[PDB]
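Worksheet: the structure to be examined is printed underneath.
Values below: every heavy atom of this structure, side chains too, minus hydrogens, waters and symmetry copies. Just so it is clear: chains get the letters A, B, ... in the order the sequence lines come, proteins before strands, and each one is counted from 1.
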4 protein chains.
Amino acid sequence: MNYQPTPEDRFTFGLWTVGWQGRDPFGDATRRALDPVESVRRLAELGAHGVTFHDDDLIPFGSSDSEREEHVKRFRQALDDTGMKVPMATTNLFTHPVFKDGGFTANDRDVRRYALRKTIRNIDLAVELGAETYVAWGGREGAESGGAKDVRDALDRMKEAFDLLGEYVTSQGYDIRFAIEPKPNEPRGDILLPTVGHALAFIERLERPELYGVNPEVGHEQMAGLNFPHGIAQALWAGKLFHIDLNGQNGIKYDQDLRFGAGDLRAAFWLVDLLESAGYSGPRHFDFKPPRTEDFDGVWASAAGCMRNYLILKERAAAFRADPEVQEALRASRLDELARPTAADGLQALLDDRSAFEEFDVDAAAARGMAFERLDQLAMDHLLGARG
Amino acid sequence: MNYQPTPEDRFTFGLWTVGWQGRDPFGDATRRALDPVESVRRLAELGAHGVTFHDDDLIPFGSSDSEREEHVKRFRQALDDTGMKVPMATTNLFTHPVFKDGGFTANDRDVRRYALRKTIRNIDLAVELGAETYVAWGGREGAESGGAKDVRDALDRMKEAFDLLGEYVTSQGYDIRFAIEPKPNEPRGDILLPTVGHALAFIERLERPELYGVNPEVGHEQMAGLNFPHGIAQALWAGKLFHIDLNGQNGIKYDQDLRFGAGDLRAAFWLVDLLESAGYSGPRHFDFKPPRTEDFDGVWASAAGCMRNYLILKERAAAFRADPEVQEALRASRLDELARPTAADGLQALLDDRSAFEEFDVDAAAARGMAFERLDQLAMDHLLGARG
Amino acid sequence: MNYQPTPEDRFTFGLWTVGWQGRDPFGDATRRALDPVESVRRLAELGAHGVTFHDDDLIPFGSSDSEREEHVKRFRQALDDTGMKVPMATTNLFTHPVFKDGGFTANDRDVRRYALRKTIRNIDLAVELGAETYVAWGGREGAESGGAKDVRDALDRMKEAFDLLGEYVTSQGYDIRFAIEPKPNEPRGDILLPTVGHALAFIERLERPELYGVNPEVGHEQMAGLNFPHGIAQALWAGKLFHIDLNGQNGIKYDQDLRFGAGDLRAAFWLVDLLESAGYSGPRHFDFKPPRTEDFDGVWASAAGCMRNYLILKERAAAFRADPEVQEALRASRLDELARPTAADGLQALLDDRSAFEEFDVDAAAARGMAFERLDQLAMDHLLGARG
Amino acid sequence: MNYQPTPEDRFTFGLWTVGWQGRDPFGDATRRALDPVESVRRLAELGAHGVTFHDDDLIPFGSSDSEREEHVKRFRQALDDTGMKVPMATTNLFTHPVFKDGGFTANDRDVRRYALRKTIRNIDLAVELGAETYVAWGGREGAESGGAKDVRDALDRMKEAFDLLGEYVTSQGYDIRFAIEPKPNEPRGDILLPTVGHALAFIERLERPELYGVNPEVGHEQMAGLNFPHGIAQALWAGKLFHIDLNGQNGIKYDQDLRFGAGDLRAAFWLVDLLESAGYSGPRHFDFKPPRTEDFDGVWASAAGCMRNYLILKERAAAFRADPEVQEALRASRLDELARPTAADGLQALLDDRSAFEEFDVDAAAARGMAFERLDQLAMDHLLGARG
């Protein structure tokens, strides 16, 4: 009947999401700032499993090591009092004007070195707070113009940065992995490693590829008009889905960061189906923004909404896969045959198989309908709770 | 002054481009069919270096082995008479209704086997005609609905197909490589391996990755709103640019297949800059369609146009890179620093470097302008021939 | 419980939708042709209220007046036997190669005259069959290049065409209205009057604007990334929604023509909400294509699907508006205040109103939250049938 | 040879463009604020004809009437010292949190009244400074969710607002016209009157339509994937192009506000061709942002760039239209026939014209090629300065 989250649902939220003040490129903040401790408490009450942070969300940029220890201890006490976990952390390499041309791939070499020292410092902090995943979103790595960035040199510099972080973590004996987060654009004209695919290909060029995976985001792939569930399947196929960011997006436009379930609802349905079917066991992280039209009550309603919509879709997709009429339709559409090897008999047997070519009745094959529309209307009926 | 192509320019054209009859989803053919021999002759006269083909462009589907030999011999004679080469060939796995749910990843296993036998047969033909690159465009590999295709099983089947083709080629001792051609959509709702990135990541999972690269297409990446020169740089960085398809596209919409230079002209400029700077030496292949508004004279004007616009951009980009004021602006924007290692001194030296963090003047760094707009206006002036 | 359509639901289908053979730009037909009589019969059995046609769907292009009368009489008998109506008809001005540069705005003046005579002929036929709406979709009116079409002269020619059709209809005393159907692109690079807005503005320039409205299509506005329910509201506001075409589209790409409810499901929900709330009483027309993966059984399943998804959304939107908790949330979000005049007191009273400016507490106003997220989660819960 | 602007070129700039501090949704300001007086002086030195402003650019929000008079007098002195004009002004109804749900169409009625009083106040100021055009950009008029805004009530409120402003201006005897500026999205999920078309249709519903036109922006129509030159032609056709905003945009994504000429260079070429050919005589206004990567030197280089690229395109388009080979190609493509009435002979003569139908040789018509590709390559050659 109802859809109450529990910390066993592994729902997590960034400090920066519910704490977004409402500043957009055309307007002033509409909400006062939130204390991180307050967020941890409110989220805990909503059923969340944990929070995530950028270094600058937790410790104001240019804090003395004294202020730093103080900010951390307060945070830690909030975690102890609530049972909230910190499964992921990340570095802000995009807000300060020093990162206007990027962090790891800034043309200025001294900014690149600074970016790495800022990162390493927060990796230590994240390990201490017990994070298992360290996310890297190269929001400023890119260009507005063709001549401003030689992309092969920038990829050299990016690989250099990630290889050095991999060296550091292995030298420290830390138990933490990296997840690269792609985005095609905004705030840069074009961002490097713009999609899950580009990030997966890149990783295979690092010195220790086993240390790195992807942190795809719903809205980000959709800003390229791509099919998010398909891209997630490729990441799963590659064994690289280390984390995931959930939100909603209405097509190709600025990054809207709507609550999860908003935006493309059928894509959310197929995403949940796949995560649950594949046994993804990492956090279900929400990287979203309550619209600036909202007051704090609207903020917590929006965050509750994220979790509620995941649990409703989870139920509907489970119902869909458990439905015997659906299982018969999957066989009718030959999903079972898709899962069988094309040619386990091997190359030579295939070459000698006259039924595969010389004697293949192509006209009869062509006439078989795939029965996909009936299957899809079953999926729709299950999504809408109209099964009868 | 003028811009005449020579076969040394390695400009190539698919039989299907100038031979497109003008059939689109809303309308009948506006042009009669072209004989392949006629195309080879006309293109040779225009300065082209070679042609490419799908098996079905050259031998009508369901031709007897007798008709087949006949079609090939005619073709071959045309090549001998003109000096035209065949550097690339590919398989049509998308036109016949038997491929309505795909070739290599069709749900029906017997269609998948047939698709592989059709492919292998044309690989032999391509080696004979001396092609060095075999292209695979999985135009029908994908779905219109979420339940119709389990994407992890489909990627298993795709890897299976490509691994078997790799086995075949190595067993035959052939000197030919594969290039996968991505496209995000059309004619399927969503196509598997939708961008260069996804194709690069995929290849790294094949049994013999060294046999496979990418054949990116301008219009295709732009249908995802992606930056084509950036994606090409990543392919070059990976050492995987085996071939390239040139055309024009006006943004995110149906695949327009405009002549090269049409569409996004600045992107074409930066693409040519990169190909010539990186020393890409493969064919410059045009995969485009003369608009159906045109008669055959318009067809050859459109094909001449492709080559002419490449040679004009080539000249302008060479002029841009040779310009001492541009070389000074690149230094002003610190492109030289981008090419230098961030930390050749290594991790420990970086960790002990107080100028990289403790003593880094972040406020002075932040105040340095990147001077990118002046550089870009220099690039614009060079493109428009307005340098003074 | 279930969702059975009746002819009172005014669901209509074009002959060309269920009769689409599956030819797309990359592939051959996958289905044999359907006899119009068979379609009328099958659709009648599915609960449809009527059918629509292009002149060329019903009478093969270049039919003798004898064949013509024969085709019509057969059709008519099918309508009599089933009770099916013909509420709308339209002209095919896009398939024949003579229309490759358009019909009403072709550069060649003799093609423009021919286009008008072909149109007028079918208007007579449509009046005879009792249609009340005549649709004009200028699918070929546009350009692939900047110089090919002077758009001001083309708009002159378009207005000329529509004014002449308006003269004809009034001179014949016919009781029929025109609906212009916009589309931003495909099959032309850019099509004239690309959105509902452009078509509405245009109409206001015709000699008898009262004779013309719009026939917006879901997928078409979404190919421009526009909000279809918003555009429909503007048409309703203007009193110009004469007809509507329903289907599904997954974002900005080629025109997918998916069954209604597929594509952007939340947009379909808000569209149905608005049509039913505004009391739109015209046909609910489906302009869609069963995917070419399907056989004829899949064809009729896809058409049934269109009607079923409308009736499910209709129920959910009615439930949403009837819900007292929703009506309280609408008041909380001040939808009631939106409907009240800003200044029924008039200009001078507003100018003398110190509470509107001098004494307006802007800081308190700014702090009121809009409560939109709670309202939207109520809408989501109602859509998913999760209200508790 | 070179391309120096003069105030006779009527190039204008908003205070907010060169004065943009570099704050984007992901980052802090990278540049200090500019004094309006300094901007007027620097722009005057660059050859600009005038500046424009939002009320809040010139007088800080919540300034005492004393501070106000002071800010204005300083501004005025700068204008007197430089000869700079103020042809357009506008209201900021989007930055202050009180406008988070819009100005003219905010759900809260007291915000709507406040929005109108803020507007009226600046209209007086603009008339005083001698502006001839008052621009309205409803940046916050829209919604992120379906239920938050009844679009028919919002259009009622929008018409109410504009009718009241029209009453005010006529009652004051002011010589000023309004230009509505459409944008499809950002910062709202969807914005009302999202394209030029929707704004043109809307105006026709106002009480005094003659007082209102459009202020289209390059990047805005391109964010909908629309053809900007086509939309501008429709506005010209309607006699409603009162002002225009020039900038550059790379496709469908966030509003990039690149300098003019950047983005889609061929579209800029065809836009300049049309403005100059149609005799548009209003300001050429640049609404753009120097990238935040830039220091103040980059700011002025970027602004110089806008004007330079217009003057280069102006020259190339003039050269194109003056070229006798182009004029012959226009005749070959029958642009001359497009400009002739389809049927000046009238309806009855057309109906009795057997050459228009009964005896029209459709097959010969269909075979005529349009010769559009040759024409377009001539346009390309002229744009690139490669004519020989």
Side-chain angles (χ1 to χ4, degrees), chain A residues 250-251 262-266 380 383-384, chain C residues 3 5 9-12 179 181-183 195-197 199-200 213-238 240-251 255-288 305-321 375-376 379-380 382-384, chain D residues 142-155 189-190 192 194 198:
Chain A
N250 282 298
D264 186 339
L265 175 54
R266 287 256 272 163
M380 185 82 70
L383 169 58
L384 298 176
Chain C
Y3 302 99
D9 291 318
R10 285 272 267 166
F11 290 126
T12 60
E181 177 176 326
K183 184 182 184 180
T195 77
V196 156
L200 295 166
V214 289
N215 179 48
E217 177 185 294
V218 175
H220 293 177
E221 304 299 297
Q222 292 179 351
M223 284 165 75
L226 295 187
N227 181 311
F228 189 70
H230 286 193
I232 297 308
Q234 183 164 171
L236 286 169
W237 182 72
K240 292 292 192 193
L241 184 63
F242 288 3
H243 196 269
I244 194 174
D245 283 1
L246 309 170
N247 64 5
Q249 168 75 17
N250 282 298
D255 182 10
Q256 301 189 280
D257 282 337
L258 304 174
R259 75 193 191 281
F260 180 66
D264 186 339
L265 175 54
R266 287 256 272 163
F269 168 86
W270 295 116
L271 170 71
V272 171
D273 173 61
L274 170 68
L275 289 179
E276 299 300 323
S277 297
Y280 167 71
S281 50
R284 279 86 164 139
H285 179 69
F286 300 102
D287 195 349
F288 86 112
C306 291
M307 292 183 286
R308 176 173 180 85
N309 290 331
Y310 193 100
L311 289 178
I312 296 160
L313 297 176
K314 171 167 164 154
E315 168 193 82
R316 307 299 169 83
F320 172 76
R321 296 291 173 179
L375 172 65
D376 194 59
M380 185 82 70
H382 272 288
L383 169 58
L384 298 176
Chain D
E144 284 73 60
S145 44
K149 196 66 61 168
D150 182 292
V151 164
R152 298 176 299 153
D153 291 326
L155 291 167
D190 288 294
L192 300 183
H198 299 74

*How far apart are the C-alpha atoms of C/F260 and C/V272, what are their side-chain angles, what is the distance that settles it, and do they pass the side chain to side chain contact (heavy atoms under 4.5 Å, CB included) test?*
CA-CA 11 Å; C/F260 180 66; C/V272 171; 4.0 Å; yes
*Go through the steps for C/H285 and C/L246 under the test side chain to side chain contact (heavy atoms under 4.5 Å, CB included), then give the verdict.*
CA-CA 6 Å; C/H285 179 69; C/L246 309 170; over 6 Å; no
*Just do the side chain to side chain contact (heavy atoms under 4.5 Å, CB included) check on D/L192 and C/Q234 with the steps written out, would you?*
CA-CA 9 Å; D/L192 300 183; C/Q234 183 164 171; over 6 Å; no
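No donor-acceptor pair closer than 3.5 Å links the side chain of C/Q256 to the backbone N or O of C/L258. Listed for the D/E144 side chain is a donor-acceptor partner under 3.5 Å among the backbone atoms of D/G189.
Results of the side-chain contact (heavy atoms from CB on, under 4.5 Å) test with C/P216 over C/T195, C/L200, C/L271, C/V196 single out C/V196 as the only residue that passes. When C/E221, C/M223, C/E217 are each tested for a side-chain contact (heavy atoms from CB on, under 4.5 Å) with C/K183, only one passes: C/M223.
The shortest side-chain heavy-atom distance between C/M307 and C/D9 does not fall under the 4.5 Å cut-off. In this structure, C/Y3 and C/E315 have side chains that are in contact, with non-hydrogen atoms separated by less than 4.5 Å. A heavy-atom distance below 4.5 Å is not found between the side chains of C/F228 and C/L274. Between C/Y280 and C/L241 there is a side-chain heavy-atom pair separated by less than 4.5 Å. When side chains are defined from C-beta on, D/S145 does not count as touching C/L375, because their heavy atoms never get closer than 4.5 Å. Using a 4.5 Å heavy-atom cutoff, the side chains of A/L265 and C/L383 are in contact. Inter-residue side-chain proximity for C/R284 and C/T12 is flagged as unmet; no heavy-atom pair is nearer than 4.5 Å. Put simply, the side chain of C/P182 does not reach to within 4.5 Å of the side chain of C/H220, judged on heavy atoms.
Using a cut-off of 4.0 Å between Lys/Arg side-chain N and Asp/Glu carboxylate O, C/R266 and C/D273 are scored as not salt-bridged.
Across all their heavy atoms, C/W270 and C/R321 have their closest contact at CZ3-NH2, 4.2 Å. In plain terms, the two heavy atoms of C/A278 and D/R152 that are nearest each other are CB-NH1, 3.7 Å. Here the closest non-hydrogen pair linking C/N250 and C/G263 is OD1-CA, 3.6 Å. Taking every heavy atom of both residues into account, D/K149 and D/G142 meet most closely at CE-O, 3.5 Å. Taking all atoms of both residues into account, the shortest heavy-atom contact from C/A179 to C/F242 is CB-CB, 4.2 Å. C/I244 and C/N215 make their closest contact through N-OD1, 3.1 Å (heavy atoms, listed as atom of the first residue, atom of the second, distance).
For the residue pair C/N247 / C/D257, a side-chain donor-acceptor distance below 3.5 Å is found, with atom types taken as modelled. Under 3.5 Å, the side chains of C/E276 and C/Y310 contain a donor-acceptor pair of N or O atoms.
Interatomic distance, D/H198 NE2 to C/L226 CG, rounded to the nearest 0.5 Å: 6.0 Å. Note that NE2 of C/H230 is 9.5 Å distant from CG of D/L155, once rounded to the nearest 0.5 Å. Residue C/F269 holds its CZ atom at 10.5 Å from CG of A/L384, rounded to the nearest 0.5 Å.
Residues C/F11 and C/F286 place their aromatic rings such that the two centres sit under 6.0 Å apart.
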